[PDB]
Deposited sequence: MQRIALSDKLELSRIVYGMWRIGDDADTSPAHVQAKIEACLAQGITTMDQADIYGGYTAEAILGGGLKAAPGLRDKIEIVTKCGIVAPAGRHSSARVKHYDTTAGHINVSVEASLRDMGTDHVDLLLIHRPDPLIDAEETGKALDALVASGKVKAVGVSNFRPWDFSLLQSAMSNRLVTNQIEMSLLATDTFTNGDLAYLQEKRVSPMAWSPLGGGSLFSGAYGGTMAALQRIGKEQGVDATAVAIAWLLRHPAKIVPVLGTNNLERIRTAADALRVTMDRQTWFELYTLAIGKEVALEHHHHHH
């Protein structure tokens, strides 16, 4: 599969496999985890997306069971992980309330646990998982810079940051943030006009798109009819067209697909087969927003 360079130091697969449901599968054995990773690799999807909090702080260890039992498998993938969200589950069950923690001490503890749980000495990309209204940017930026200098983390980014959050944390760091993982799909189009995507495009930062299929709501009329029509014109399913709509954007959006289904992994690359011309991009955008683009103001 085509590669995307987020920076001179980090290259992903153009589509990323989200592992947030890996702990929900009835099968969490090393063998089934390896099978899922091997199905991705068969399609050239090498990038796995994790977070400390997934599975109530167990999804990384479940991935680790796979990796620790298959020597050589970690060298074939990039691992994205995240920290900053503290819910009273698993190892954080002492917690009195759901909160964010962007402190140097917490980031280091979470990274040490990610490395322990997945059986590796480095993660390819670490994201601050949510913007913290209590962030000390100086402290957080120093911790993130030291994690890169150490080699434990190849690159750093953020998730769900607004442009002003991104700007504040980048002002406190020597290393450049290489991504912002944000909701983007035909059902979530605000970032295209509200400044979120423009900011990233001006900074030459690729976003990672979460819920790129619209979070299950798109498949459950006019939008779906057009996705199915284009798919049938190009020999792919409506799912591939909804991902290709993201891939078409010149901001170089990196979709994160989160299925436990080996047959949807088998077809995930079909999005790269879609030719999405400018007019088709607008047809889908207009059906999704439910109204025509603004025409001449003088009318």
What portions of the deposited sequence, indexed from 1, have no corresponding C-alpha atom in the structure?
-> 221 to 223, 303 to 305
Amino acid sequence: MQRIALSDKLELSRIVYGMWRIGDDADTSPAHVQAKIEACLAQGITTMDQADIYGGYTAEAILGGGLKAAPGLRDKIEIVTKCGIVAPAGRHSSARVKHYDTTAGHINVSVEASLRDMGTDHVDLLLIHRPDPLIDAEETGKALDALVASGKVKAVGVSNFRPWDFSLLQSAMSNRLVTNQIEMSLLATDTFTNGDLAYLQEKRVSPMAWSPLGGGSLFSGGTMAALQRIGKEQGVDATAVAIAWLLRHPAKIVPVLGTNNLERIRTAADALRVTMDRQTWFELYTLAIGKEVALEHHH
From here on, numbers count along this sequence of modelled residues.
Other entries omitting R91, at least a third = yes
Decide which of the stretches 18 to 26 and 272 to 280 has the higher mean C-alpha B-factor, going by the entry.
-> 18 to 26
Averaging only over Cα atoms, indicate whether 32 to 40 or 247 to 255 has the higher B-factor in the PDB entry.
-> 32 to 40
Residue with maximal Cα B-factor (values as given in the PDB entry) among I107, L200, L126, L187 | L187
Of the options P71, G90, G195, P207, which has the highest CA B factor as deposited?
-> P71
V156: C-alpha B-factor third of its chain, per the entry, is the lowest
Assigned third (lowest, middle, highest) for the C-alpha B factor of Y100 | lowest
Comparing against every modelled residue in the chain, figure out the third that the C-alpha B-factor of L67 lands in (lowest, middle or highest).
-> highest
Chain third (lowest, middle, highest) by recorded CA B-factor, residue given as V241 | lowest
Comparing against every modelled residue in the chain, figure out the third that the C-alpha B-factor of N261 lands in (lowest, middle or highest).
-> highest
